[PDB]
Every structure is written in structure tokens, then in C-alpha cells.
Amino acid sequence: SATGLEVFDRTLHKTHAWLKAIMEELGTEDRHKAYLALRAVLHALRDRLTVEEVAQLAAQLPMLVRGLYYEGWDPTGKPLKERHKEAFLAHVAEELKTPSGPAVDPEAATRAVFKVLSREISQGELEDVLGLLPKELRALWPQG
């Protein structure tokens, strides 16, 4: 059917749903652009969380997305705490680099992924994550 395993077919189905939603938010037909956005934004968000907070968010992500989320993670480094929007977007931009500028506009990528995340994760986790972020970064989420 797909992978020969129901568990993997299930996570692929969920991940496809996430990417499709991100594509609609971005207004693009390029699947790879949506993937890059998901990857860059999850990593930037992850780096602002403590080890405990990182795992708590991971529990709300589909298996395949969780693997992407943890890619390149350095748990020994102090969580990033820059207060301004530009600092956060610069980190997102770092993983959207291509031969000619950012693959996707950093803010657009961030708003699209945060929108999809807010609809997919539990309200409890959403409120927890928002409470850990500065005002300028909370503004990037649909809740404001």
C-alpha cells in the first residue's frame, strides 16, 4: 500500500496532511518549499525551548515530523532567548538558504507553520508554547 507497515502509512498520511496545509497557507504548489518551511521553523522554535519543553512538544508531532524536528538538535546549548522578531526570523532564514536568497520568505514560512501547528497540537501545548515566547514572537501565531 505504501511502506508495508500500517504504523508508517499512518504517519505518512498525517505528515502529508500537515505539508498540504502548509502549502495552502504559503499559497504554493511546491511541496519541497513547504517541507523546508516546516523544517526551518520547527528547528528555530525547538532551539528556544529547554530539554523538557522540547520533548513535550515532540509528543504532539507525528512520528515522521518528530524525526525531522529532532534533526541536528544540540541539547547542551542554552536555549535561545532573543526578544525581537528579526532575531528569530534570522534563525529560520538560516535553514532556508539556497543559491539565490531564502527559499521562502522567513516570516511567511513562520506564520504558515505556526498556523498549522496551532491547529494540530493540543490547546494545552499551544498555550504552554505561547507562554514561553516573547510578545513579538507570539504575534507570529494566529492567536496573537
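Start at 1 and count along the sequence shown; that's the residue number.
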query: Given 96-104 and 80-88, the range whose Cα B-factors average higher in the PDB entry; finding: 96-104
query: Higher-B stretch (mean Cα B-factor, as the entry records it), 47-55 or 71-79; finding: 71-79
query: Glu127 - Cα temperature factor, lowest/middle/highest third of chain; finding: lowest
query: Third assignment of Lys115 from its chain's C-alpha B-factors; finding: lowest
